[PDB]
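The figures here come from the full heavy-atom set of this structure, side chains too, leaving out hydrogens, waters and symmetry mates. Counting starts at 1 for both ligands and their atoms, in listed order. Letters go in sequence order (proteins before strands), and every chain restarts at 1.
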Protein chains: 2
Amino acid sequence: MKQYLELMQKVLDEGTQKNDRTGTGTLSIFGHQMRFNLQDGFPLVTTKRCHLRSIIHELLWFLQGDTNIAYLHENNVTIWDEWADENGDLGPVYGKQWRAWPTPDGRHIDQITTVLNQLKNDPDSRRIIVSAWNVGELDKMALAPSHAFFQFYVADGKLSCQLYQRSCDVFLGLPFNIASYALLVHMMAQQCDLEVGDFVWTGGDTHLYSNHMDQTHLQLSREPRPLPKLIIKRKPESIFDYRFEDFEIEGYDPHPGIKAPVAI
Amino acid sequence: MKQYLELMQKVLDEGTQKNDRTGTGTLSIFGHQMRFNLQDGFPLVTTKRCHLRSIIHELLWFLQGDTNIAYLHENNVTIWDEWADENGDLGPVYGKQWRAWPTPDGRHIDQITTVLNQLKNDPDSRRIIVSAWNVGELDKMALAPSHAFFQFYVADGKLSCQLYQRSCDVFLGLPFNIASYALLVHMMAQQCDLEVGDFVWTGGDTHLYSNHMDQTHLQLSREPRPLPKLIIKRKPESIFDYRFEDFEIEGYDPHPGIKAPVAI
Ligand SMILES: Nc1nc(=O)c2c([nH]1)NCC(CNc1ccc(C(=O)N[C@@H](CCC(=O)O)C(=O)O)cc1)=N2
Ligand SMILES: Nc1nc(=O)c2c([nH]1)NCC(CNc1ccc(C(=O)N[C@@H](CCC(=O)O)C(=O)O)cc1)=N2
Ligand SMILES: Cc1cn([C@H]2C[C@H](O)[C@@H](COP(=O)(O)O)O2)c(=O)[nH]c1=O
Ligand SMILES: Cc1cn([C@H]2C[C@H](O)[C@@H](COP(=O)(O)O)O2)c(=O)[nH]c1=O
């Protein structure tokens, strides 16, 4: 996509070589924002083939409040394998904070049900937020939340969402993260009877890993194709009842996939 | 400042009329980002006089972990009066989350000391974050955290910081919020022996209140003056030992102040 290839080029032209946690090394910039009008098409990268199966099942797993990778394995999705322990656990990452944030006094808060109630009863609220950055449980998480905090906004009957992503692997992570949150906005808009507005992505440390440079130059030579259209075939009873089969991505015709190593 | 007056104009040209919590009504946009290179000057608005006394003491109060307004009153700062209860309490807002985030198992986490330790021992970390959005205590807070989440970044010996502000009163709140966080970056950089880099401000619902329109048009006719220079006269033993007298803002010569009503 235009916005995405502009960011890849910006990291190549402006990024600082930086060491990182994995020992791979990165070219890095800090602070970037891009906006996707979801009315223009579903923002799935076309200059390389993205594995939709992994994107959709990872979002359905988050909405279940699940942090064990068994569900992903049942559905042949292996993207979280390298961080899980012997029992397949990841600790209280995304799904657990979204669905069951533990309070100091022992209660659990379901942020997704809270957001539904706010969108249905107080759409003008400036407080419609979900946060996975639970400071008191960071030490139990396999990987600290990268897409950490997001906010919904309603104006003129359209639902928008902004994500703050503290750390962004531009070649591998970001195509998945954009499609995942664009999908959640479509689901939320359908459940609340709203039209989809904008998805606003904001990044903190936005980086290309040093061993993704050949793949980056290859993808940068490709022309973006027309964005596909997302079709949700059914309106489930709730946001927690969607099924993989309910989604149709129409007209997706990408350039070939480009493999790249994951930095662990 | 150039960036600030460009945002005011953008809200006037592109904002949607929106109802809000206070009943005042706003012109609102969602998702904006601006960057201030702190090497260019201290980003204190010059097209209206800002009350530095309130800005500096509010930051020192946050760093103490204090949420009762008595300290502010001792220093003749009245900006939080309308939200405090009979005992002057605001509930577990900013200072308390920054200095003593309560964990599910009863521990308290001092995020500021954690950040100091990360900047001193692992400056390349992509996880150097402070969050005031504590989901399990939102219901005890007088006002939900508006400047909610921020991240530090170190590259080429320079310290940068990005703030996610979920809700932004452009005329009253934002001049104070920009100066406050720019001041914290200078303090952190001095304590860690770094140069100051960029302050990146990212907003969610960014708005002008309907009864600030005359004040906005007046300020938009003024030309920005040169930015002042911040001088910290002393290096305290720690980030918690700064005093009001340690700060000097040199060459601040603003246009006259513009009064405007606060929406409660
Ligand atoms: N270094 C790093 N970058 C990541 O983006 C990342 C990470 N670490 N930690 C875990 C994680 C979880 N999400 C993801 C997303 C995509 C792939 C991935 O390897 N995608 C490949 C193959 C997809 C497949 O399994 O079919 C791709 O080519 O997109 C891995 C993990 N993301
Ligand atoms: N509607 C709203 N907007 C705010 O920016 C705001 C709020 N509510 N809730 C509390 C709060 C706390 N921060 C602030 C910042 C500035 C002023 C204020 O009134 N500033 C005036 C006078 C400063 C003074 O007391 O000397 C100004 O003209 O800047 C109030 C509260 N900020
Ligand atoms: C989980 C996840 C990680 N990442 C990234 C960002 C970093 O490259 C790495 C996480 O490492 P970090 O915790 O040191 O920042 O994986 C994404 O880009 N998207 C994701 O969804
Ligand atoms: C505390 C604080 C509030 N605000 C704002 C944003 C909103 O106008 C209002 C808070 O209301 P809200 O919680 O309904 O968003 O005050 C700032 O802009 N800066 C601040 O530091």
Exceeds 12 heavy-atom contacts within 6.0 angstrom, atom CD of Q3(A):
yes
Please list all pairs passing the salt bridge (charged side-chain N to carboxylate O under 4.0 Å, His left out) test where one or both residues lie in residues 162-175 of chain B, with sequence neighbours left out.
none
If you take all heavy atoms of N211(B) and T24(B), which pair is closest and at what distance?
OD1-CG2, 3.5 Å
For ligand 2, list all ligand N or O to protein N or O distances below 3.5 Å, rounded to 0.1 Å.
| residue | atom | partner | partner atom | Å |
| --- | --- | --- | --- | --- |
| ligand 2 | 1 (N) | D169(B) | OD2 | 3.4 |
| ligand 2 | 1 (N) | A263(B) | O | 2.9 |
| ligand 2 | 3 (N) | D169(B) | OD2 | 2.7 |
| ligand 2 | 5 (O) | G173(B) | N | 3.4 |
| ligand 2 | 26 (O) | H51(B) | ND1 | 3.1 |

So if I only count non-hydrogen atoms and take anything under 4.0 Å from ligand 4, which residues does that give, chain by chain?
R126(A), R127(A), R21(B), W80(B), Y94(B), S146(B), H147(B), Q165(B), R166(B), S167(B), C168(B), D169(B), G173(B), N177(B), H207(B), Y209(B)
May I have the step-by-step check of ring pair (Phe, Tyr, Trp, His ring centres under 6.0 Å) for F171(A) and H207(A), ending in yes or no?
CA-CA 8 Å; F171(A) 185 83; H207(A) 47 270; over 10 Å; no
Does the salt bridge (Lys or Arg N to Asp or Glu O under 4.0 Å) test come out yes or no for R21(B) and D124(A), once each step is laid out?
CA-CA 8 Å; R21(B) 179 182 59 73; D124(A) 297 320; over 6 Å; no
What salt bridge (charged side-chain N to carboxylate O under 4.0 Å, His left out) pairs are there with at least one residue in residues 201-222 of chain B, not counting sequence neighbours?
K18(B)-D205(B)
Against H32(A), only a single residue in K10(A), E6(A), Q165(A) fulfils side chain to side chain donor-acceptor pair (under 3.5 Å); can you say which?
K10(A)
Sub-4.5 Å side-chain heavy-atom contact between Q33(B) and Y164(B):
no
Less than 6.0 angstrom from the centroid, inside 45 degrees of the normal: does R35(A) satisfy that with respect to the ring of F199(A)?
no
